[PDB]
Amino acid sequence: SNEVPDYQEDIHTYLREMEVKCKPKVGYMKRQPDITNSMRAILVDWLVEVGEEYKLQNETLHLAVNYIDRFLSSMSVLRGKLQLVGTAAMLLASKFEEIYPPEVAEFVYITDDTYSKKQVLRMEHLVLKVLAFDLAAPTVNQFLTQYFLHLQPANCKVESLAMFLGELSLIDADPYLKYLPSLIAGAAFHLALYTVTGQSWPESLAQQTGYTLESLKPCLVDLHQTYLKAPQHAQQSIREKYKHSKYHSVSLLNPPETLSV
């Protein structure tokens, strides 16, 4: 019994304004002396598993990643502390998003005692200070759920596949830090729709978003490659997650070989 219509256009406009303001610095990893895109990929892939173990929302995962990228945009971090940043970020995202955030002792457990409770809580404080408590960031997930409304009737397989593709974008900072969440969501939605039904990004969405199919192309080219190469990627947690029936096992679907485009 959901109702969204009166303020729905305003919300989409507002989120489009805030994604610009909440965007991490695209080039930040070249300025990190000790950490790399590969370490970040390992971290995010682990957070996916943590979210599954604790039955956390997909939104919580997307927020945690936004917090991490913004923190690393202004703070140099040694490789041995990167998991501490990630853990505090996931705790904060859980507190923001979840009805039931896991307790700190559980986050300590899930790192296998790599860090103490004191450290996790001190890191929480630092992340809050560095982000100036601005935690309500737009995510690819928030844009996806709004886009899904343009399918009547809903297609649950398209939605699952779109979420899967959107989640895969979290892992690889290069290329995906270059694109805003609304644009990634648009590429993921189209690619998912096309794969499942053979249809294309709808005019209603082109109007609402201002993105033509053409303007999705560069991101779409990337996402299609990512999709094709997913079974070969060093990080596998998202594929494993989306093999489940709750996701209609969409990670087992074969990508289209070419894009009509």
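So that there is no doubt, residue numbering starts at 1 and follows the sequence shown.
Asker: If you average the Cα B factors in the entry, which is higher, 234 to 242 or 5 to 13?
Answerer: The stretch with the larger mean CA B-factor is 5 to 13.
Asker: State which stretch shows the higher mean Cα B factor in the entry: 167 to 175 or 134 to 142.
Answerer: In the deposited entry, the stretch with the higher C-alpha B-factor mean is 167 to 175.
Asker: Could you tell me which one of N66, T60, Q207, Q32 shows the highest CA temperature factor in the PDB record?
Answerer: Max CA B-factor in the entry, restricted to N66, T60, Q207, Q32: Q207.
Asker: Among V85, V108, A154, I184, which carries the highest Cα B-factor?
Answerer: That would be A154.
Asker: In terms of the CA temperature factor given in the entry, to which third of its chain does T114 belong: lowest, middle or highest?
Answerer: Ranked within chain, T114 CA B lands in the highest tercile.
Asker: According to the PDB entry, is the CA B factor of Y100 in the bottom, middle or top third of its chain, that is, lowest, middle or highest?
Answerer: As the PDB entry reports it, the C-alpha B-factor of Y100 lands in the highest third of its chain.
Asker: Could you place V221 in the lowest, middle or highest third of its chain by Cα temperature factor, using the values in the record?
Answerer: Ranked within chain, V221 CA B lands in the highest tercile.
Asker: Could you say whether, by C-alpha temperature factor, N37 belongs to the lowest, middle or highest third of its chain?
Answerer: Middle third by C-alpha B-factor.
Asker: According to the PDB entry, is the CA B factor of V26 in the bottom, middle or top third of its chain, that is, lowest, middle or highest?
Answerer: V26: CA B-factor falls in the highest third of its chain.
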